[PDB]
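The structure appears below as structure tokens.
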Amino acid sequence: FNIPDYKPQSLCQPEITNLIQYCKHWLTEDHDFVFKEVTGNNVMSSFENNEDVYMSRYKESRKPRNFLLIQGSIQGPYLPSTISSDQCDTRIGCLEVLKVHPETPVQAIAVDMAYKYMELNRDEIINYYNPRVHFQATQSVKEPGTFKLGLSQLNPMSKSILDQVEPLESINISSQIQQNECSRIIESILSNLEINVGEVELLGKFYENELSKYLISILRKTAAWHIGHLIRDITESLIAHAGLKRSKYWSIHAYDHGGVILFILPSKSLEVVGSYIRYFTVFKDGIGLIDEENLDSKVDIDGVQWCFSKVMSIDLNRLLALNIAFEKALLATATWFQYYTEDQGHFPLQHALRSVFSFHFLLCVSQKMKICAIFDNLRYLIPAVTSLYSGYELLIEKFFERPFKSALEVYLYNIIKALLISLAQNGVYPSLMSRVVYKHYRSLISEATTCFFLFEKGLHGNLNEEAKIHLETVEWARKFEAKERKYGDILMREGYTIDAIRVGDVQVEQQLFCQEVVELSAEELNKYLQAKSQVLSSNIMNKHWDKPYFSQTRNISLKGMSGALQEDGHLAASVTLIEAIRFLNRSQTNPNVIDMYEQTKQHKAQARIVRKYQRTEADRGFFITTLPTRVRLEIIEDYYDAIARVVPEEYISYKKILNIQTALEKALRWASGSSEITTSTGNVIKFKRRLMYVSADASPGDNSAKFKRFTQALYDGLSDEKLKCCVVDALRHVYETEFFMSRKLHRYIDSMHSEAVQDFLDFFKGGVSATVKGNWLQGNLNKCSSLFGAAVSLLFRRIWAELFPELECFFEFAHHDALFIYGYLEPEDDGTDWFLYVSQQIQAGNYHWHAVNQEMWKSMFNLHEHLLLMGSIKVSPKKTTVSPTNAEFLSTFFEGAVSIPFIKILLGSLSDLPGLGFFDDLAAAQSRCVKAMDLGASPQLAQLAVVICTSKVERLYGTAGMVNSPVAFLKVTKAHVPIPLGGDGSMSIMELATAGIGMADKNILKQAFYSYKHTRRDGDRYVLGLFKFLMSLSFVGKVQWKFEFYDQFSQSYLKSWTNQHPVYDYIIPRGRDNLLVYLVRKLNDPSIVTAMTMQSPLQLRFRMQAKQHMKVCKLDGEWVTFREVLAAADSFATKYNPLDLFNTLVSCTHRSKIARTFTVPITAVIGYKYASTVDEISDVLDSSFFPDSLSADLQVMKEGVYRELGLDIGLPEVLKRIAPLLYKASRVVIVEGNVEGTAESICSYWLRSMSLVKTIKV
RNA sequence: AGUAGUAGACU
């Protein structure tokens, strides 16, 4: 293992005095501070000046458009729908619709569908409402739930419905008339979802009786609650109809005693990409979600009025969004509840609480892109007007770069404008959705964060957001080429000098860097690295540059990689693992990272861009690169990671909130003392110490060639420079980058060149690829960039110390985002002796004391920003704030304090589950709620989320009396059923937060076993029989539910190899051939290829419609149902009769807040036992740090197992089973200010926080 | 007609 000798980077040993002289000249100049001061008049004026020049940008519209995705009403307290009530209500409703005289085509097709339903035969009405086992296809009813109407039986208007498959219009928001109208409409809706319709572990539950009273017992009565339970029914019917074989037919369902009818039209199925399900409703006008201007019509039928809504078309995303809408609104309102009680100190009153619930529900039902964009902008507008200086001018200017199509948008504009003006005018903090003033700032921003998270990800239009991601890369590449044809290639790759600045031919733009600044920044970082030479030499060795490639985890993953160039002109799209198996089938060795770089470097760095599907209003990047690109980036990030481990001010490679708040605490500690100065004559001038947080924010405009001169000048504590020159040669190869436009866009552009399309097509010069230079490629160089930023800030600190040595200032930072702290110095007294000192310095040559007389922190920021710009870093003038109190870093609101939003974690427990069974999804959903308990959510919220997500799962599978309700079959009570047999979850939060998830199963088994060992009773034998049936087919079994190189090894070969080499169940092979076999065994695993062939995560959650009755459980080599698995379970458990196998498996036994850590190699030891032949032992030795303490530590572990359990691993059956026990042995916890990192002081905090208003001692 | 958009789409 030798590194070849690459060419080093030429250097030019700079002088700090030259750049100090430049900075002195730069400070005696005219520089205006880029952030404006925040005044109420300036904010009102910005709203006026944007509002007046507004309507000339768009065309005025005549009516506000649609925003409700479904309309409906309720006669009273809703009762959910069974199959019998569906049939009777459908007959009632189609009798009522046949009395209509049709006019508008919706009425025509509703009358036709109802007529054909009332022609249905006596024996088809049976097969309409029939389970899909006894079902049998008849004349008009081919699927259960559908019928078959035909287009020869249709009124001429109905075929018009079937066949109906420059500036934008916008409501004038500058007009008080239209603002009053849209506000009146939305207040009518929101006022209508609040009417009191009327109602239809023991410690935690007694307190939860107090939360359930003050929350659920008030919100259980409202109209919004029952309408949410109704939308759930309508969406269950739509999801049923959206399958493949069903969607090609018609349907009619009815709800609420025949008060709401749902007509579903034939449509293309939702299993395929880009399809819709069209439908409409017919309903009695009354209490509901009604928007009367987007109803199709209203008729009068024997006195009562009926609303016919429009024909809606919905995608698969918004359908699941509306299916979970009740749960989302309820979870977000309970979140609001906790924040309010924490803030004010008691429970909210029922009037504001009901209005909050209704607002959340309306947002959950709209689900439009244009409202998501509004809340996206609002979370930036809120800190920009409560800060001292900020860029609110440009933010409010971007708030107006949209049309306001519907009426909910104009209503949102009004309430947002009022909130922003009232925030700038003024602690005191007005809420947005109620009439509540807050105390702390965190409550108000948390409210807007909660409203932003109610919107699903990916609401953007596909072919219009897929073109908007290529645009940024193309236009920054145009900028770079402009600079290259103006300055020449050498100044682009090498940088300018300070003499070029002051001659005046180069200016400090953004895609250009300074030679002196880069090298002197490296020199400051070097002065921090020269100290810890030992640890720095020992980190560069522990990255292992001679461990072979492909034998790391990351190089054999599931992450997507480009492949070889096709025929159409694009790249392939394989997976990391496929290209790992593809290289090894001609490599002939398993080479290491330097020898793969030496192997694959004549190829250029291809890349491709693929949407991240975020919720923010402009969707971002994510690149997919080839293998040679991934090699070079591996080399560079490994080097820079080893170096950046020992630098405290770099926060990428580095449990972030702990270190952040240590930095804040240090900085607040500096401003306790009081600096002062003695003058020439001996005047003693006293000063104060202030702080000024600059929450910075920002990167495609950034030359990647500054890193070469930064890398070559870094001290690393090595005996030579053969690795450094290889890192430089790797960086010299990521300069240029071929960029490929995706197939979707290339097709789309050909399905139609205006003006903005034609220049974009001229960039690619009539191909699919074009070269970019000096590109960052999203996060593929993050450790580099954050170390470079921290270096430049250190350079600034020393330069400020050497311009004003008299003044004992301060400085600190944090480069994830970024948070700079400036410890400036206030003259304290009112007397002019400070101004006289500034005079006495300003005549005596020191002209640069001109920028320090007044304000002064502005000059710290100006010089810091200029040095950062000389290193190509541009601080954003739009989303930066400046205030002497609050701060925001990497999505956490700091105030000195800490506050995580955590609502993302809850709203992810309802949406998106892995789809791997009942047990698997139950565990994932409950693990989300424990994780949200970690981050701020009090025991009762995580309890409510546990209850809700568990109920969602048991209804999504049917194990509740339903299709798979196991208590119909089994002789054990629901308490005693194991989990993976659809049993009761045995669910709590105060146990899952402390123990694990699979403890309760242990309990069930344990109970029977212990009862058995004392009584030999009968149902306990049955519990053991169920557990044995689980083990035949987690610390028990689980029921199983429902690619180029995928069979180079027949399955018997993989089984025989799995027996011959059972050490590899812990350890990745280092040789080639065991690796090729170990990797095909990783393919043929069908959990893995399940995770590859079902990549869009909506499809699997939606195919939980089919996965009910369908043959979806493995049993005896047969896909069967779920009911026959329970049949087989009861059979075996009543025919079972036996202990010590069971014994070896049972014998594993209001203040402000801060952030602590809760805590209750190894795999190489557990491999050392199964080490048998010489190759396997050499693999175990490579896999281990100190490879000769190993045979000691195993013995140390051995008796340790006998220490507290009572087992021997010198029996082979024991050690295969309790390997998870010894994997399992730091979840960060946002806990109050009087908590210590020991787990027994966090567990007391959780118990003390069971009551939100009353005190608890323990 | 719905989703979407100041980039021509889909049912």
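In the structure tokens, the first chain shown is A, the next is B, and so on; residue numbers restart at 1 for each chain, and ligands run from 1 in the order shown.
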*Give the strand (DSSP E or B) residues of segment 173-401 of chain A, as assigned by DSSP on the backbone, as an NGL selection string.*
:A and (196 or 222 or 250-255 or 260-264 or 277-284 or 287-289 or 295-301 or 304-309 or 312-314 or 389-390)
I need the residues from that last selection saved to file as a compact mmCIF listing (two decimals), in the first residue's frame (with N, CA and C atoms), if you can.
```
# COMPACT_ATOMS: atom_id res chain seq x y z
N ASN A 196 -71.92 23.50 17.92
CA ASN A 196 -72.07 22.34 18.79
C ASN A 196 -73.22 21.52 18.25
N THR A 222 -68.19 19.15 18.43
CA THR A 222 -68.25 20.14 17.37
C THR A 222 -68.62 19.52 16.04
N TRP A 250 -68.61 2.29 -12.33
CA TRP A 250 -69.32 3.35 -11.65
C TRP A 250 -69.57 2.93 -10.21
N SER A 251 -70.02 3.87 -9.39
CA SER A 251 -70.38 3.51 -8.02
C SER A 251 -71.26 4.59 -7.42
N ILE A 252 -72.05 4.20 -6.44
CA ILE A 252 -72.88 5.10 -5.65
C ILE A 252 -72.82 4.64 -4.21
N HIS A 253 -72.42 5.51 -3.30
CA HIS A 253 -72.51 5.19 -1.89
C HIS A 253 -73.29 6.28 -1.20
N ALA A 254 -73.80 6.01 -0.01
CA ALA A 254 -74.53 7.06 0.68
C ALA A 254 -74.33 6.96 2.17
N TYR A 255 -74.52 8.09 2.83
CA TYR A 255 -73.96 8.40 4.13
C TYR A 255 -74.98 9.24 4.86
N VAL A 260 -76.07 12.42 2.42
CA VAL A 260 -74.94 12.68 1.54
C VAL A 260 -74.87 11.49 0.61
N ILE A 261 -74.86 11.74 -0.69
CA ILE A 261 -74.67 10.69 -1.67
C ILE A 261 -73.36 10.98 -2.38
N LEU A 262 -72.62 9.93 -2.71
CA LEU A 262 -71.34 10.03 -3.38
C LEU A 262 -71.41 9.26 -4.67
N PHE A 263 -71.25 9.95 -5.78
CA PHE A 263 -71.26 9.35 -7.10
C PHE A 263 -69.83 9.27 -7.58
N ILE A 264 -69.35 8.06 -7.87
CA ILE A 264 -68.00 7.87 -8.35
C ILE A 264 -68.06 7.42 -9.79
N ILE A 277 -59.10 10.22 -9.65
CA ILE A 277 -60.37 9.56 -9.38
C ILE A 277 -61.46 10.63 -9.36
N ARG A 278 -62.35 10.59 -10.34
CA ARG A 278 -63.34 11.65 -10.45
C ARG A 278 -64.62 11.28 -9.72
N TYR A 279 -65.25 12.27 -9.10
CA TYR A 279 -66.38 12.00 -8.24
C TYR A 279 -67.14 13.29 -7.99
N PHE A 280 -68.37 13.16 -7.51
CA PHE A 280 -69.07 14.31 -6.95
C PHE A 280 -70.01 13.86 -5.85
N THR A 281 -70.56 14.82 -5.13
CA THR A 281 -71.48 14.59 -4.03
C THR A 281 -72.82 15.23 -4.31
N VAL A 282 -73.83 14.82 -3.56
CA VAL A 282 -75.15 15.45 -3.59
C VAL A 282 -75.63 15.48 -2.15
N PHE A 283 -76.02 16.63 -1.63
CA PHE A 283 -76.24 16.69 -0.20
C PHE A 283 -77.26 17.75 0.19
N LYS A 284 -77.95 17.49 1.29
CA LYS A 284 -78.90 18.43 1.88
C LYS A 284 -78.16 19.62 2.48
N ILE A 287 -75.43 22.07 7.66
CA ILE A 287 -74.23 22.29 8.46
C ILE A 287 -73.11 21.47 7.85
N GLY A 288 -72.10 22.12 7.29
CA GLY A 288 -71.04 21.36 6.68
C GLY A 288 -69.97 22.22 6.04
N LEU A 289 -69.19 21.57 5.21
CA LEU A 289 -68.18 22.21 4.38
C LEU A 289 -68.85 22.54 3.07
N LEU A 295 -70.39 25.40 -5.84
CA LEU A 295 -71.34 24.33 -6.04
C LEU A 295 -71.72 24.34 -7.49
N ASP A 296 -72.09 23.19 -8.03
CA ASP A 296 -72.58 23.20 -9.40
C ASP A 296 -73.98 23.78 -9.45
N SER A 297 -74.90 23.23 -8.68
CA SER A 297 -76.23 23.80 -8.67
C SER A 297 -76.90 23.54 -7.33
N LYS A 298 -78.04 24.19 -7.12
CA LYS A 298 -78.93 23.86 -6.02
C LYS A 298 -80.33 23.69 -6.59
N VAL A 299 -81.00 22.63 -6.18
CA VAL A 299 -82.37 22.37 -6.61
C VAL A 299 -83.25 22.29 -5.39
N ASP A 300 -84.54 22.39 -5.62
CA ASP A 300 -85.54 22.28 -4.56
C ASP A 300 -86.38 21.06 -4.88
N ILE A 301 -86.38 20.08 -3.98
CA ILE A 301 -87.05 18.81 -4.21
C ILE A 301 -88.05 18.64 -3.07
N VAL A 304 -87.19 20.75 0.54
CA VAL A 304 -85.81 20.82 0.98
C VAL A 304 -84.89 21.08 -0.20
N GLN A 305 -83.79 21.78 0.07
CA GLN A 305 -82.84 22.12 -0.97
C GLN A 305 -81.69 21.14 -0.98
N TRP A 306 -81.23 20.82 -2.18
CA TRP A 306 -80.13 19.90 -2.38
C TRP A 306 -79.05 20.59 -3.18
N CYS A 307 -77.81 20.43 -2.74
CA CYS A 307 -76.64 20.96 -3.41
C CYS A 307 -75.98 19.86 -4.21
N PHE A 308 -75.67 20.15 -5.45
CA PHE A 308 -74.93 19.27 -6.34
C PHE A 308 -73.58 19.93 -6.51
N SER A 309 -72.52 19.30 -6.02
CA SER A 309 -71.21 19.91 -6.13
C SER A 309 -70.59 19.58 -7.47
N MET A 312 -64.97 16.59 -9.11
CA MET A 312 -63.60 16.68 -8.64
C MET A 312 -62.74 15.58 -9.24
N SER A 313 -61.46 15.90 -9.44
CA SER A 313 -60.44 14.93 -9.84
C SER A 313 -59.30 15.04 -8.84
N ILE A 314 -58.98 13.94 -8.17
CA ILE A 314 -57.98 13.92 -7.10
C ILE A 314 -56.92 12.89 -7.45
N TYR A 389 -32.73 44.43 13.12
CA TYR A 389 -32.43 44.69 11.72
C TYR A 389 -32.62 43.39 10.97
N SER A 390 -33.14 43.45 9.76
CA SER A 390 -33.38 42.25 8.96
C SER A 390 -33.67 42.67 7.54
```
Could the residues of chain A that have an atom at most 9 Å from chain B be listed as a tab-separated table, each with its closest atom pair and the distance in Å to one decimal, counting only C-alpha atoms (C1' of nucleotides) and ordered by chain and ascending residue number?
```
residue	atom	partner	partner_atom	distance
A:57	CA	B:6	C1'	8.8
A:58	CA	B:6	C1'	7.7
A:161	CA	B:1	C1'	7.5
A:164	CA	B:1	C1'	6.8
A:165	CA	B:11	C1'	6.1
A:166	CA	B:6	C1'	7.0
A:167	CA	B:6	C1'	5.1
A:168	CA	B:6	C1'	5.5
A:267	CA	B:11	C1'	7.4
A:268	CA	B:11	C1'	7.3
A:274	CA	B:10	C1'	6.7
A:275	CA	B:11	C1'	6.0
A:276	CA	B:11	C1'	5.6
A:277	CA	B:11	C1'	8.0
A:278	CA	B:2	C1'	8.2
A:310	CA	B:1	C1'	7.2
A:311	CA	B:1	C1'	6.1
A:312	CA	B:2	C1'	4.7
A:313	CA	B:2	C1'	4.7
A:314	CA	B:3	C1'	6.6
A:315	CA	B:3	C1'	7.6
A:368	CA	B:3	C1'	8.9
A:369	CA	B:4	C1'	8.9
A:402	CA	B:6	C1'	8.1
A:403	CA	B:6	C1'	8.3
A:460	CA	B:4	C1'	7.6
A:461	CA	B:4	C1'	5.3
A:462	CA	B:9	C1'	8.5
A:463	CA	B:9	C1'	6.7
A:464	CA	B:7	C1'	6.7
A:467	CA	B:7	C1'	8.0
A:748	CA	B:9	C1'	8.5
A:749	CA	B:8	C1'	9.0
A:751	CA	B:8	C1'	8.2
A:752	CA	B:8	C1'	6.0
A:754	CA	B:7	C1'	8.8
A:756	CA	B:7	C1'	8.0
A:757	CA	B:7	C1'	7.1
```
_Residues of segment 106-311 of chain A in helix (DSSP H, G or I), written as number ranges by chain_ = A: 106-118, 124-128, 151-153, 156-163, 176-190, 203-214, 216-219, 223-241
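Interatomic distance, atom CA of residue 1036 of chain A against atom CA of residue 922 of chain A: 15.6 Å.
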*In Å to one decimal, how far is atom CA of residue 981 of chain A from atom CA of residue 1018 of chain A?*
19.8 Å
*Just how far from atom CA of residue 1074 of chain A is atom CA of residue 590 of chain A, in Å to one decimal?*
10.9 Å
*All residues 12 Å or closer to residue 542 of chain A, only C-alpha atoms (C1' of nucleotides), same chain fewer than 6 positions away omitted, as an MDAnalysis selection string*: chainID A and resid 535:536 638:639 641:643 645 1184:1186
_Residues within 8 Å of segment 224-232 of chain A, only C-alpha atoms (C1' of nucleotides), excluding chain neighbours under 3 positions, as a list in words_ = residues 72, 73, 74, 77, 78, 80, 193, 194, 219, 220, 221, 235, 236, 255, 288, 322, 323, 324, 325, 326, 357, 358 and 361 of chain A
